[PDB]
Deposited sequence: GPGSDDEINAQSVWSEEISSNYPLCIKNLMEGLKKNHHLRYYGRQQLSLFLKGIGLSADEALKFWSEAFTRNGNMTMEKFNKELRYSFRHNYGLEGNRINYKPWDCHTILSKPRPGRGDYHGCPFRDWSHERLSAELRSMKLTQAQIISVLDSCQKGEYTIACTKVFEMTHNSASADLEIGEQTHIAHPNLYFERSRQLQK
């Protein structure tokens, strides 16, 4: 259980996240909240990587109440049930979303962090984030070229390739295979 409420905010573990998951964790940390599609993408991913039901509630409760965003009553009242549901602590088997599933969901608008950055971000914002992951302009160009072509899974696999079938949990599994 190297995965838990605390370790998922570590750099070690979070360096294995593809960009969608990064984006959802970034949004979570800034706004101490996520909207419905984000809470599902993120929570099922974390389930997928072996985060326990207990640790998920720790994770989500801490995240949402952080820096006094909402009381723990509010969290308990408005959101605890939802997350419990996602692990079945109330009997559907909610599998982690795949790359095709994620893209199929309604495009994200303002306040939304779900979906796929390779499709959803501007070329400006992608550049920065790729620079921040120590890619060169040669590398960035090749990635944006895939984005232009609407080949987001390829764009993403490139970034996996230049920082080391189509599933964020597979992105994670493979990335943390290389760490250990």
The answer, as deposited-sequence ranges with no C-alpha, is 1 to 5, 96 to 97, 172 to 185
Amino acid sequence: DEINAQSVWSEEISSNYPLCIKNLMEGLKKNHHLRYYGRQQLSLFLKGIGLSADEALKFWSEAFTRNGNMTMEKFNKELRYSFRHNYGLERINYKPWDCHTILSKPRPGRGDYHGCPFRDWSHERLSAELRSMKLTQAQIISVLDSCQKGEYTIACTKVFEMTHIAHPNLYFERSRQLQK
From here on, numbers count along this sequence of modelled residues.
Check the entry's C-alpha temperature factors for 96 to 104 and 80 to 88, then say which stretch has the higher mean.
80 to 88
Per the PDB entry, mean CA B-factor is higher for 133 to 141 or 111 to 119, namely for 133 to 141
For the CA B factor values reported in this entry, which option in 46, 34, 155, 128 has the top one?
128
Would you mind checking where the Cα B-factor of residue 69 ranks among the modelled residues of its chain, as the lowest, middle or highest third?
highest
Just say lowest, middle or highest third for the CA B-factor of residue 166 relative to the other modelled residues in its chain.
middle
Is residue 55 in the lowest, middle or highest third of its chain when residues are ranked by C-alpha B-factor?
middle
